[PDB]
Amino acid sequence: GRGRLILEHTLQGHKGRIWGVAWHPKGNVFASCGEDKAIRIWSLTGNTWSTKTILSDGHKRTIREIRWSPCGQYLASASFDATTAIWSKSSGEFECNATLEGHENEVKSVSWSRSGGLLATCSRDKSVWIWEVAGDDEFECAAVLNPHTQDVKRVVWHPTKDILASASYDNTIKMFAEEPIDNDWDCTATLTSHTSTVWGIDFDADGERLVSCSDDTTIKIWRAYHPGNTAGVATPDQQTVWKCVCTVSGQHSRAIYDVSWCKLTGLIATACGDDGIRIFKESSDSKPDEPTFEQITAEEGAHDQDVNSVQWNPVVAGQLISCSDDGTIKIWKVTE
C-alpha cells in the first residue's frame, strides 16, 4: 500500500537470540530478554537508546518472555528453568522480589491483568496457572488449569475484564473466567480454527475481538458473541462464544511467532519466521460479521533471521519494536 515502515534504531546488547521485548507503560523504556539468561532495561537519552541496567542471576536458563505490570513498577520474567521471577525497584536498583514455581517444565509465557492484581503463567507442562498478587513477596495460587492437551505458548489478559486467553501447540485458543457464584476459575470457551500451533494472541482496544497468529502461516480475527446477541450466534452453555470472522491467508511464508494489535491506532503487526514484519489495517467499509484486513505496508527483510516479537508502543502512536534470532532489536515508525 501507500504506507511505510521506517527503521529508526538498531540495538544489540544480548549474545545470541533475543526472544522478547516489552515496552514500559510510559513508552520511554523497554525491556528485552533472550538466550543469554539476562534481562536488559533500555532507556532513551536524547535520541539514543542504551542499556541502563542488566538483570542477571535471576534465571538458570533461557528467559522466554517479560511483561511489565500495568503500574510499571514490576517486571515478570518467564524462564525455561520452570520458574517465573518478579522484579521491582525499591532500593533504586531492580531486584528480584520473588520466584513463582510449580510448573513441571519450561515456563513459556507470563501476563498481568488490567488491575495488576492477577498474574498468569503457562508452560510446556500443558497447564495455565493464575496467581493472586497481594504483596512484593505475597503470591497465592488461585487456579491450575489443564484443558490444553499440548505445550501452552502464550497467555494474555483481557484489556478491561479479568478474562484470560491462552494459545497452544494443540492449535487452539482458550478463554478463562471466574465462575460467578463460587469464583472458581474455569474454561469458558475454545477457539478452534487454526491447523497448527498458535503462537500469538492480542485483544483489540475494547476486548471484543482477538487476533491470533499460527504456525499455519495465517492470522485470524475472532469476534466475541455474548448471550442474547443480535447476530443469532448460539450460546448453548450460556457463555460468550468466540467465532473466527476473518482469516488472512497467503501473506506469510513461515510460522508467525507474534502478533500485536495497537490500542491507539488499531493497526496489526506480525513477526514472521521469514524475517518479515507486516502491518495490517481494517478496511473502512468492513462489516462486523465479516471484516476485511488489508496489508498496508511491510518490510520483508526486517531482520536477518526470524522475527520473534513485535510490540506497539503504548504511548507513542505508530512506534513499533521488534526482536530477532539475529541478535538485534529494532525500533520502527509506521506511517499510513
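Residue numbers run from 1 along the displayed sequence.
Here 108-116 and 89-97 are compared by their mean Cα B-factor, and 89-97 comes out higher. Higher mean CA temperature factor, per the PDB entry, when comparing 78-86 with 176-184: 176-184.
Highest C-alpha temperature factor among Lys126, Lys153, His158, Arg209 per the entry: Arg209. When the C-alpha B-factors of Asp36, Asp304, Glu299, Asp274 are read from the PDB record, the largest value belongs to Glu299. Sorting the modelled residues of the chain by their CA temperature factor places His14 in the middle third.
In the PDB entry, a CA B factor belonging to the lowest third of its chain's modelled residues is recorded for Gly200.
Compared with the other modelled residues of the chain, the Cα B-factor recorded for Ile331 ranks in the lowest third. When the modelled residues of the chain are ordered by C-alpha B-factor, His226 sits in the highest third. In this PDB entry, the Cα temperature factor of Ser284 sits in the top third of its chain's modelled residues, the highest group.
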